[PDB]
Structures are given as C-alpha cells and as structure tokens.
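**Q** Attaching a single structure in structure tokens format; questions to follow.
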Amino acid sequence: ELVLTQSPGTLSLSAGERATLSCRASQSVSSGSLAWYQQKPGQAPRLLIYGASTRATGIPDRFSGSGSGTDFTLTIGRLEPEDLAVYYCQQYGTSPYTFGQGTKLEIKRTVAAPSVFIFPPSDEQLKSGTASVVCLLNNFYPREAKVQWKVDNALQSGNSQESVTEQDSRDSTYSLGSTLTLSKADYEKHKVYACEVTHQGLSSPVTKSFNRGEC
Amino acid sequence: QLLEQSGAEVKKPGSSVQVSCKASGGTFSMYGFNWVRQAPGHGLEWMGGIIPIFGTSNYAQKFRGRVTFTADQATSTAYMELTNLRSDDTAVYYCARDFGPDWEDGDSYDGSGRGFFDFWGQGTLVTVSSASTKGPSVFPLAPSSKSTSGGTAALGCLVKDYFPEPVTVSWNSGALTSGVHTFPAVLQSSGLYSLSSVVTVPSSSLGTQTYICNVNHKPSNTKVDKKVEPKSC
C-alpha cells in the first residue's frame with residue numbers, strides 16, 4: 001500500500017504569503033494520479049487539484065499543483081483568510097486509494113482584544129438543580145487567553161470548562177466560551193459572579209460580573 | 001447538496017450499519033460512489049465504492065469480510081453496509097462521487113482515471129458505543145445589559161447533556177449566519193456532551209427581530225427550536 005507523507009504537519013502564515021505543502025509517496029504514483037483536497041472547519045472535503053496539476057472547476061487561481069513520481073506539491077500563491085483549513089493529498093494510481101495525514105494551515109494576524117459578555121444561568125435550568133454560568137470572549141486573536149471565575153470574590157478551580165472555536169474564515173480570530181457549573185444550592189448561596197479575562201490585547205484584565213437577584 | 005446522506009446514529013459493538021447516499025439528480029449516470037471515513041480530529045481513509053453503470057465494486061483489504069456495496073437505480077441511492085462494528089469504527093462516513101471521462105467507457109486513456117472525488121456528501125457520523133443516545137436540553141443565553149457592547153448584543157443557546165455527537169445548530173432556520181459562533185462540544189465528567197452557539201446582533205433589533213436557534217441531534221431523532229429573548233425583570 002502506498003504511504004503518503006505530508007509536510008509540514010502545521011503551517012503558520014499570514015494572509016498574503018505563499019503556502020507550500022509537500023506530499024511524498026513511498027512508491028511511484030502511477031500516471032500522476034494525485035489529488036489535493038481542502039477541508040475547512042466543520043465541512044466536508046473539497047477537491048482542489050487532480051492529475052497532480054489540474055485545478056478543479058470553481059477553484060481559485062491561487063491554487064496550483066505540481067510534481068511527479070514520489071514528490072508532489074500544493075501551492076497557495078497568495079493566502080486568503082478563507083484558506084484556513086487542513087489540506088490532504090490522495091493517490092488513486094493504485095488500489096487501495098490512500099491519503100496523506102494532512103497539513104493544517106493556520107493564519108497569523110494582528111492582535112485583537114476580545115469583547116467579553118456574561119450570561120447568568122436560565123431559571124429553567126436552575127429549576128432542575130444545575131446552574132451553568134457562561135462567559136463569552138468574542139473575536140480575539142492570539143488564541144492564548146485566561147479566564148478566571150470568582151464567586152463572592154473567591155477564585156474558582158476545577159468547576160469550569162472552556163471551548164474555543166477554530167479561527168474565523170473571515171478575520172482569523174477566535175472566540176472562547178467558558179462555563180462555570182454549580183449545583184442550584186451552591187449558586188443560590190452566593191451573590192457576585194465574575195469572569196476575569198486576561199489577554200494580550202487588553203492593557204489590564206477586564207471583568208464581567210452580575211449579582212444574582214438583580215435585574 | 002446533490003448528494004444526501006443518512007443521519008448520524010449510535011450503534012452497539014457487534015452490530016451493523018448501513019450508510020446511504022442519494023444522488024439528487026435522479027440518476028447515477030456514469031458516476032462512481034465511494035465511501036471515505038474520518039475519525040473526529042483525524043484523517044481520511046478510503047473504504048470502497050461502486051460504479052452502478054458498470055456494476056463494479058471493490059474496497060480496501062482493511063475491511064475485507066466487513067463491507068458490502070449496493071446501489072438502487074429506482075431511488076438513485078447507493079449504500080454501504082459495515083458489519084461487526086467496534087469502537088474504532090466511530091467516524092464520519094462521507095459519500096464521495098467520482099467520474100471517468102474515458103472517451104465513452106469506464107477507464108481507458110488520457111492519463112489518470114476515476115480515483116478522485118469531485119463531490120462529497122455532508123457526512124454521516126456513526127458512533128459505536130454501548131451507551132444509549134440522549135437528546136439535548138437547550139437553554140437560552142439571553143441577551144441582557146451584561147452581554148452588550150456598543151450597539152451590539154450577544155445571545156445564544158446552551159446545548160446540554162446529549163450523546164453521542166454530533167449536534168448541528170443554525171439560527172432562524174439559516175437566515176442568520178453572520179456573527180454566529182458555534183463552539184466545539186466538550187465531553188463533561190458525566191460522559192455527556194455540551195456545546196453552545198452564540199451570535200452577536202444589533203441591540204436595536206432585540207425588540208423587533210425574533211431569534212431562534214435550531215438544534216439538530218440526529219442520533220436521538222430530535223430537533224429542538226429555542227426562541228431566545230431578553231429576560232423580563
């Protein structure tokens with residue numbers, strides 16, 4: 001079975017730069033039967049190139065393929081933020097068809113401070129015995145950010161979970177959602193709920209808070 | 001779009017699953033239909049396929065004795081059955097279409113043939129687990145004075161305690177796409193998933209525009225619409 005090895009594993013470039021993705025085969029690929037696919041966050045793969053160098057219909061002119069034998073390359077001439085994705089090569093010259101392990105393309109951009117919002121738990125959820133307090137950090141760039149929850153000024157640990165989106169296809173920023181989870185009893189025994197955010201785009205950590213019981 | 005697949009579902013270890021693929025053009029023409037799977041967070045692997053017009057089918061040895069490929073002209077639908085499922089068969093199964101312009105035949109010239117896929121279906125996530133499915137509880141992330149910035153307000157839906165993946169979320173049935181951020185799910189200590197979807201909109205629209213998140217959880221055959229509005233004081 002033909003093994004396809006892609007390089008590099010991850011490519012970090014700013015919009016406007018040129019991306020060069022390599023795909024090397026363990027054995028000669030018959031007739032240049034090599035295809036390249038683009039898979040954007042949360043989407044199915046999309047054919048970019050086939051026959052090693054033929055650009056597929058509907059594909060932008062910034063995408064080009066080259067190579068023969070055991071060495072192939074996908075070039076993205078002038079990166080656009082929408083090119084954020086994982087790229088895969090695939091040979092179909094011999095059965096079984098095989099794919100490379102993929103190259104993740106990340107986009108570097110300028111620093112952007114997050115907008116921070118807080119959401120108290122809904123009464124509906126509380127009714128059932130659980131309170132999820134949500135803190136939203138919207139559209140910031142350096143992925144690195146710190147969220148610290150405080151209840152009545154006491155620092156929380158071990159009772160929150162966060163999730164971060166993949167870079168936005170338009171502005172390359174990230175968003176992060178942190179959820180503090182408490183039992184209805186614990187939630188109702190405290191008053192001030194605060195989310196303190198630390199990020200490179202902020203001169204000082206900003207805090208979003210609310211007092212349970214207030215409108 | 002023109003390649004519709006069956007819905008995501010959880011399957012017990014040892015059972016069999018059938019993933020369907022319908023060509024919305026009402027015909028198979030001379031296209032080949034392949035199945036390529038992807039474990040969440042990982043790569044792609046070809047499983048096999050069938051070219052209806054020629055009645056030709058084959059697959060990867062990795063799946064010998066476990067896969068069957070068929071196609072029904074009547075319904076323009078192709079199927080793949082995978083048996084004796086195990087946890088490592090958990091993956092998004094994609095239907096991928098291939099063609100062969102061989103001067104009026106299956107494959108005989110110009111250079112390379114039908115090995116690439118120019119059209120993919122949205123995928124069918126099959127989770128192999130002994131745990132039963134559980135639909136999500138959807139709670140509002142109501143916009144308030146605590147979720148506003150400038151003339152913008154953030155709001156959303158918290159999709160809690162469901163199993164297994166995936167959950168898809170749209171806003172206003174797809175009429176609202178700008179500003180939407182749907183977070184990847186987190187696996188809680190309870191073994192159940194949780195995610196949230198947020199959107200930022202003009203604060204001035206909160207009293208006139210209805211905002212509803214449409215949460216789809218095919219594994220449990222559940223679809224939940226949740227209207228999200230400013231909370232009353």
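As shown in the structure tokens, the chain order sets the letters A, B, ...; within each chain, residues go from 1, and ligands are also counted from 1 in the order they appear.
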Near segment 138-150 of chain B, counting only C-alpha atoms, which residues have an atom at most 9 Å away, once you skip same-chain residues fewer than 6 positions from it, shown as a VMD selection string?

**A** (chain A and resid 115 to 122 124 to 125 134 136 208 to 210) or (chain B and resid 156 to 160 196 to 198 200 203 206 215 224 to 231)

**Q** Could you build a table of the residues in chain B lying no more than 6 Å from chain A, giving for each the nearest pair of atoms and their separation in Å rounded to one decimal place, using only C-alpha atoms, ordered by chain and ascending residue number, as a tab-separated table?

**A**
residue	atom	partner	partner_atom	distance
B:43	CA	A:101	CA	5.7
B:60	CA	A:96	CA	5.3
B:111	CA	A:31	CA	5.8
B:112	CA	A:33	CA	5.3
B:115	CA	A:92	CA	4.5
B:118	CA	A:47	CA	5.4
B:122	CA	A:44	CA	5.7
B:141	CA	A:119	CA	6.0
B:146	CA	A:118	CA	5.8
B:147	CA	A:117	CA	4.5
B:183	CA	A:165	CA	5.3
B:233	CA	A:215	CA	5.6

**Q** Let me see the file: selected residues, N, CA and C atoms, as a tab-separated table (two decimals), in the first residue's frame.

**A**
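Once everything was written out, this is selection06.tsv:
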chain	number	residue	atom	x	y	z
B	43	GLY	N	-7.52	11.96	10.14
B	43	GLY	CA	-7.53	11.93	8.69
B	43	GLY	C	-8.59	11.16	7.94
B	60	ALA	N	-11.06	-1.60	0.29
B	60	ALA	CA	-9.75	-1.74	0.92
B	60	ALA	C	-9.73	-3.03	1.73
B	111	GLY	N	-4.62	9.53	-19.34
B	111	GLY	CA	-3.69	9.64	-18.23
B	111	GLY	C	-4.15	8.95	-16.96
B	112	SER	N	-4.77	9.70	-16.04
B	112	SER	CA	-5.26	9.14	-14.78
B	112	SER	C	-6.78	8.94	-14.88
B	115	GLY	N	-10.00	7.98	-9.81
B	115	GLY	CA	-9.68	7.83	-8.40
B	115	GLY	C	-9.96	9.01	-7.48
B	118	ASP	N	-14.85	14.58	-6.82
B	118	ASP	CA	-15.21	15.97	-7.06
B	118	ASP	C	-16.43	16.46	-6.29
B	122	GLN	N	-22.37	15.53	3.04
B	122	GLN	CA	-22.10	16.19	4.32
B	122	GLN	C	-21.54	15.26	5.38
B	141	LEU	N	-29.26	31.70	26.24
B	141	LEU	CA	-28.17	32.53	26.74
B	141	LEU	C	-28.80	33.86	26.32
B	146	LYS	N	-25.73	42.83	30.41
B	146	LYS	CA	-24.44	42.20	30.72
B	146	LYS	C	-23.83	41.51	29.51
B	147	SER	N	-24.52	41.56	28.37
B	147	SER	CA	-24.00	40.93	27.16
B	147	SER	C	-24.08	41.91	26.00
B	183	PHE	N	-19.46	26.66	19.26
B	183	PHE	CA	-18.31	26.03	19.88
B	183	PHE	C	-18.27	24.52	19.76
B	233	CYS	N	-37.70	41.51	33.82
B	233	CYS	CA	-37.26	41.87	35.16
B	233	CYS	C	-38.40	41.70	36.15

**Q** If you count only C-alpha atoms, which residues fall within 9 Å of residue 90 of chain B, apart from same-chain ones fewer than 6 positions away, as a list in words?

**A**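 The filter keeps residues 10, 38, 39, 40, 125, 126, 127, 128 and 129 of chain B.
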
**Q** DSSP on the backbone, alpha helix (DSSP H) only: what residues of segment 27-162 of chain A does that give? Format it as a PyMOL selection string.

**A** chain A and resi 123-127

**Q** If you keep C-alpha atoms, can you produce a file of those selected residues as an mmCIF file, in the first residue's frame?

**A**
data_model
loop_
_atom_site.group_PDB
_atom_site.id
_atom_site.type_symbol
_atom_site.label_atom_id
_atom_site.label_comp_id
_atom_site.auth_asym_id
_atom_site.auth_seq_id
_atom_site.Cartn_x
_atom_site.Cartn_y
_atom_site.Cartn_z
ATOM 1 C CA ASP A 123 -34.322 29.948 35.553
ATOM 2 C CA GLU A 124 -35.437 26.934 33.522
ATOM 3 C CA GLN A 125 -32.085 25.224 34.030
ATOM 4 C CA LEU A 126 -31.795 26.242 37.686
ATOM 5 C CA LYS A 127 -35.195 24.696 38.339
#
